Every structure is written in C-alpha cells, then in structure tokens.
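Structure record follows, encoded as structure tokens.
Residue indices begin at 1 and follow the sequence shown. Atoms within each ligand, like the ligands themselves, are counted from 1 in listed order. All values below come from the heavy atoms of this structure, side chains included, with hydrogens, waters and symmetry mates left out.
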Amino acid sequence: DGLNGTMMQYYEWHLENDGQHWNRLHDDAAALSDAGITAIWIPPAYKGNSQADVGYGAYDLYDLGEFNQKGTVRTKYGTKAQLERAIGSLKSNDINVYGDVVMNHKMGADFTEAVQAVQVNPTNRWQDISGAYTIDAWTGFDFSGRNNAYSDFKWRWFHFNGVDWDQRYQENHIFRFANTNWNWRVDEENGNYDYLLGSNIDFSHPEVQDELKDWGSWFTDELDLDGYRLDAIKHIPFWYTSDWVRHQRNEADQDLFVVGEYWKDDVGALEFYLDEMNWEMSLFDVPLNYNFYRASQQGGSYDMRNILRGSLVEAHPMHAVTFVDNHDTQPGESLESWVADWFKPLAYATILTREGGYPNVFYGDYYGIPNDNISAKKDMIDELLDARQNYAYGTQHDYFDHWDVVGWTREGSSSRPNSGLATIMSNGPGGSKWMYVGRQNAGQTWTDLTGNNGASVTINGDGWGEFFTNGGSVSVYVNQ
Ligand SMILES: [K+]
Ligand SMILES: [K+]
Ligand SMILES: [K+]
Ligand SMILES: [K+]
C-alpha cells in the first residue's frame, strides 16, 4: 500500500558450503518480511565450476542443483526443490525475488579444444603481443548428467572469443581467438574490457544471442522471478544486454525489475550506459559505494557535505540501487572497499531513510561475516528498517550544510500513521541542528529510534525542532 521497497542480498562470500542456504531463506521469509525487506536478490542459483563455487564460475545455467555435474548434484546453496520451496515461501510473504544472472562467461568446461589464438596486452586488449598459434582452451560443454533436459544446446570454442589459460603450454595470458573480435560496445578500461575471466562469450553469433534469450525466459518461468541482478554487465556488449532485457519483458506476464552491476567508480560511465539502455533498468550506485569507503577510510577529515556528491542516486535517484557493501567488497575479495563498523551505521541510514534510490541490505552486515570476525549488525539495521518501513515518508528536506554534522527530514504522509522522521549524524565531534519537519507535526515529541541519543525533541509551532547527535554516530528521531 505504498510501502517503501527494501532489497536484500541474501548471501555473503564466506557462507558455509552446507547446501542448507535455500532452507534458511525459506524459514527466514516471514521474519524478513516483518522486518521491512520487500525483495530478495538470490545468488547465481545454477551449477558452478564446483559445489563450493559462489555462483559466478557458472558452468550450466540449466542446472539449478538438480543434476550430478561438476562433482555434485546440489549447488553451494542447496537443491532445486529447496530453492523452489524457498521462493514459494518468499512469495506467500509478499517478497519479490530477483535472480542473479551471469552471462558474461562460462567456466568448468568438460573438455578442451584446439584453437588458433593470439596474446593481447593485458592493459590494452586492442593490441596483440604475439602471433597466432594453437592453444588448448577449455571450451567444450556437454552437460553430462542433465541428459538434454530443458535444452540441448552445447557450447564449443566457436561460441567464445577468449580465455586466460592455454592448457597446451600451460600458461596464463589474455587470449583473443584469432579471427574473432572483442565484443562491443563494452567498457573501455584496458582499451577493451570485454574479457574478464573464464571462457568469454562472443555475442556476435546469432545462435548465442538466441540461446541466452531462450535460457533467460526458461529461467524466469522456472523460478517465477520478479526481476534480475545482471552480473558484470560492463564486460557484456551493451546492445545485447538491452536486447536481452527487452526480450524477457516481452515473454513474461509479470513485471520485471532489473538492476545491473556496472562496476565503476564513475557516475558518468554509469550514466553513459543507462543512456545506451534507454534507462530501462537501474544500476547499483558504485560511486556511492566508494563514497562510503572513502569516508570510512579517511575518518573525521572527510567533508560530510560531499557524501552523496558524485553518486548515482544523487543524479538519478530513480535508477539507482543503493548499498553499503557486498560479496566483492567484503574483506579479502576482488573489489574490496569495506565500510568499517563505525561508519556503516551512517551509510545505512543514508540509503534507508532518504527518498531517493532503492536501498539494498547486505546479508554480510545483517548476519555478520564469521570468517572475518565481523559482527552481525541486525540490531542496528532493523531499527533503520523500521524507520524506512514506517517513518520514511512524505516531503524531504536536506541539510548537508556542515562538514561534520549533516541531516535531513521527512514530513511524513497523511496515508501513513505517525510517519515522519529526522535523521542527523556526524563523522566527527557531535552537535545539533535545527531542521524543519513539517508545521503539521508541531507539538510532537520525537525520540531516537537507534538509541544512540537520549535527547527528546519537541516540534515547535512552526514545525521546527533541534536534533542532536554525538560524535561519529547517527540518530533517527521519529514520533514513537
Ligand atoms: K565480455
Ligand atoms: K563499500
Ligand atoms: K568531517
Ligand atoms: K552506538
């Protein structure tokens, strides 16, 4: 009934490989719904390079933990039946399901094939640095165990255009298959960033184009998805992702939300991509991700007035999926840029209580990351989810008018009981700030939902109130 949306990435990189994650999801549905979560982004649910694979070393997109391939029936998360049981539970609890989609490459080929290739400059793929010669690449996929269920398409080297490993001479190099082009258009870092890892798919082939379109539709119908989380799209030809997206929305009755991961600390690059997509999807606010990181790393000298400066939610709050961290940014991972405990609460309040952006809660922060002795922040986040779910409504007023202390308010809406809130925080010494919260809320007494401050704020006749916060902390006052 107008309820704010809150997405949750239900997994972290160091989750246990006990194949019980789908069951946890099923049992957690109700609690998650009650807490304020409206959508769940599940990890790649298909068979990867191995059982313990997080999902990105995707082997067979049609095996959702149902066939004995790559040394296991189930995936790291569980069986196909448990995943469907989980999804059903989420649905009955009014939670949308977004599937993670990996179409950039494939890994775990069943066998190798002789292929004429050329070495290219790692920092500039447009440039070859060797003559063409035959290498043995892992490009043959037969999916033994699936027995052609759902599809009989088989992958071969001619469906790809590159790999980073030659089994013949057993060496690592970035190989571009001779007489094949890098995809385009794609991100231009390193000249051409078509190749990332594994066996890189060449979308110029109409047969590839159709297979992934057909697969996408089969996947969407099989799990009854409500959207997707498009993986490593800055490496995938832009025109194709666009094509693919349009194709799925055409085949599916239900609406489909789409958020793509274009990983670049550059809002312009992201805007350029959204232009090419005709703004038909949202993108994770990566610059914002790094804003939080820079602020976490720098400390009190960071000017809080520029916290949203350069973000995506700032420029196009309607096409931005905001978050603080994920499986790639947690300690030790490839895109590490972890927001420390002291700042994480400020970051979360910033994406959960403001009107712009679609906020996403990270499983790792919510339940903690045991592997790294990172505590569960459930308590701190639930309070903010309560703020977002019941108080972050109505007209917004911002106050990024000081380097340490900044805040904003939401007047609330007639449609919702006691909604309305005032957020204030400082990444340096504490302080206070007079902010407007709507003359219609005059005479109310607001208290801090987080409990980081006991101050009791009464709204005066003109709709104003003075809010407080201690150093390096955040408060969210509401009429409770
Ligand atoms: K690519
Ligand atoms: K981060
Ligand atoms: K500061
Ligand atoms: K605290």
Angle subtended at the K ion (ligand 2) by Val324 O and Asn289 O, rounded to 10 degrees: 110°

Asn371: partners by side chain to side chain donor-acceptor pair (under 3.5 Å), with sequence neighbours left out: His14

Atom name, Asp325 (N, O or S, nearest to the K ion (ligand 2)): OD1

Which atom of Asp404 approaches the K ion (ligand 3) most closely (N/O/S): OD1

Under 3.4 Å: N/O/S of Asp303 next to the K ion (ligand 3): no

Presence of salt bridge, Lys344 and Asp365, under 4.0 angstrom: yes

Results of ring-ring contact (aromatic ring centres under 6.0 Å, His included) for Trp408 - residues two or more places apart only: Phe400

Contact flag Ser337/the K ion (ligand 2), N/O/S atoms, threshold under 3.4 Å: yes

Apex the K ion (ligand 3) - arms O from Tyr302 and O from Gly300 - angle rounded to 10°: 90°

3.4 Å cut-off met by an N, O or S atom of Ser473 to the K ion (ligand 4): no

Validation row: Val120, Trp126 side chains within 4.5 angstrom (heavy atoms): no

CD-CG distance between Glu189 and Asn192, expressed to the nearest 0.5 angstrom: 11.5 Å

The K ion (ligand 3) to nearest N/O/S of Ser426 below 3.4 Å: no

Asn427 N/O/S atom closer than 3.4 Å to the K ion (ligand 3): yes

Enclosure of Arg439 CZ (heavy-atom neighbours >12, cutoff 6.0 Å): no

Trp403 near the K ion (ligand 3) via N/O/S, less than 3.4 Å: yes

Ion pair check, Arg305 and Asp303, cut-off under 4.0 Å: yes

